[PDB]
């Protein structure tokens, strides 16, 4: 086994093909299935895995009441092969109410954060063992990606944040070799508020598209230089913006360097990637809530903040159906690196009041250089009929 370098060009992408779907909530009406949220996908050189943060309970279980909360001592990172729903033989790979995972070509890293809000601990687990950990630095909800980290030549990078969700926070980028933190660069450049980064290998570096929870409905970009540890940051130029809430398409605007100051408060985790000067990007369909999910290409969307020329739109989840977090993951082909993305389909509280729980299922699409048609792939559980 050799370390992954991802030193191959990015695949031609004409859009996305369906890849995976676990029907987790549907199964949980007649089965023992974990309550989760903040799911994500990452893949060893052979095959893909689905991760999520458990609420240390199954759905049809008294302990699923009030699983709307974000941080309890009972949350663990779940890990299965992709398409195996989180049943009772699912391995909890660490304790975590915030996490990130990646495989360097030899072994799995996990970055798992748990403990007190005001004094959390991040654990660094590599190859079945604990190799390091760091305390919260700013004593305000140390947190990380909720999607895959990225390793080049055996140096893995991950973005973490400590501080305010609605003010200046303290974001850092760690470099990790075999579970050992070998460096920490602090955030730099024009990105003002950075969270839940969706990162992908862009040889020789790593690129991330994050969530601005403060004053931006455009999404921050973070550029990580793996060799000299330098950081740069900015925003996705595209005039059609990827966060939620946001303004409508006719009213929205963006800026390559600053938050747009348009319904900037709050956000949702999401993703984008460059294709020459164009941007591929997913986003919720409904501008203010986590309803529906779409992907498209914005032509000149990576370089031109006035550009609002979308082509190749796809509905992933129709506008009347709930979506949630989404994020990138990268899969190596024979000749190129593909881009795929998962979407968290959230069900339950607070938005749906028919039940007491909050859970999710997932749907997963992958870059394609072939052709594709249309559809919608929602959660499809009936919360009127579920465990009363």
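Positions refer to the first chain, counted from 1.
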* Can you tell me which stretch has the higher mean Cα B-factor, 255 to 263 or 113 to 121? -> 255 to 263
* Per the entry, higher mean C-alpha B factor between 240 to 248 and 124 to 132 -> 240 to 248
* Return the residue from 92, 99, 303, 80 that has the highest Cα B-factor in the entry. => 303
* **Residue with maximal Cα B-factor (values as given in the PDB entry) among 198, 76, 230, 144** => 230
* Entry-reported Cα temperature factor of residue 373, expressed as the chain third it lands in -> lowest
* Asked: How does residue 86 rank on Cα B-factor within its chain, lowest, middle or highest third?
  -> lowest
* Structure fact -> The third of the chain into which the C-alpha temperature factor of residue 18 falls is the lowest
* Structure fact -> Chain thirds by Cα B factor, record data; residue 364 belongs to the lowest
* To do: Pull the Cα B-factor of residue 156 out of the PDB entry and bin it into the chain's lowest, middle or highest third.
  => middle
